[PDB]
């Protein structure tokens, strides 16, 4: 019944099994100075004495893996902070990460899942449930049934554990000593539960975490499920030319120069790309090279462009989509003598698209204008 917990109560150790703490230490101060494992990644190694019980060690660890975001990894090259597990006298551990090698003992009698999960509980950050600031609301300490050299092991924390307790006093906590801990004669109780009918019982028979233990671990280590919000829509492009070039450049060795121009043409009065010739002038051809646009997702795009063509000098206006090979999508030989929104629906392999706007003007036949406006790029079927 209660003799299974005897390797938990060492004489020269803080609260029986807390190593690296001074037996009569301020309990508020040592808790505040507790360090946690970055990322919930606890590195470890087994001493040769601890190898003989490796299955029972991996059993307690299996408890953290299955319910929390704590990962027990074997120590590899470059790791400096880790737990060396050995078999000393009884079960015990340092509370939190110490920095450098730290010891955990899993002695004779410490094979039980309860004691493995208990000692590993100290290792990752947790203290004793019986000494919480509010424990006296839930348990009575029969000071007269405790050994006089052992009484500090029951001193509770003073309130002011900033933003209060958080998880409620849990009687099924694997971090809670059973009724006969530190008993003077072994059977007389040192702790009495105030809640009618309740018995804490020993730790070695507890199968791992209770529901409240899991909450504490997941809260300390920010373990969670709350899914991040969905990503914003891909912003559809729309050029105006009213304050910029938009990135659309010209080919070098050409006869015409497509220039960013403010004027009036066929109803509208604003900024549009204009290529124009006079009867007196010379042959002008120009290739407006549009910037490179990504599709981001496996979807059929759509490109819009308002095209203006006027004058007998307009010989030909060609729009082409280039990806890995240049493909012609539109060829306009007839002069519309108006603005016409050209709508090209296109498919996407997996590479960025740029567009070409070619225009040829021969002043031999008369005057001519080729204007370009409202250049849009939507990643959805036209």
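Positions refer to the first chain, counted from 1.
For the pair 260 to 268 and 278 to 286, the mean Cα B-factor is higher in 260 to 268.
Higher average CA B factor: 318 to 326, of the stretches 318 to 326 and 49 to 57. In the deposited coordinates, the residue among 233, 219, 75, 118 with the greatest CA B-factor is 233. Of the candidates 103, 111, 170, 240, it is 240 whose Cα B-factor is highest according to the PDB record.
Among the modelled residues of its chain, residue 214 has a C-alpha B-factor that falls in the middle third, as given in the PDB entry. Among the modelled residues of its chain, residue 253 has a C-alpha B-factor that falls in the highest third, as given in the PDB entry. Ranked against the other modelled residues of its chain, the C-alpha B-factor of residue 8 as given in the entry falls in the lowest third. Ranked against the other modelled residues of its chain, the C-alpha B-factor of residue 129 as given in the entry falls in the lowest third. Ranked by C-alpha B-factor against the other modelled residues of its chain, residue 197 falls in the lowest third.
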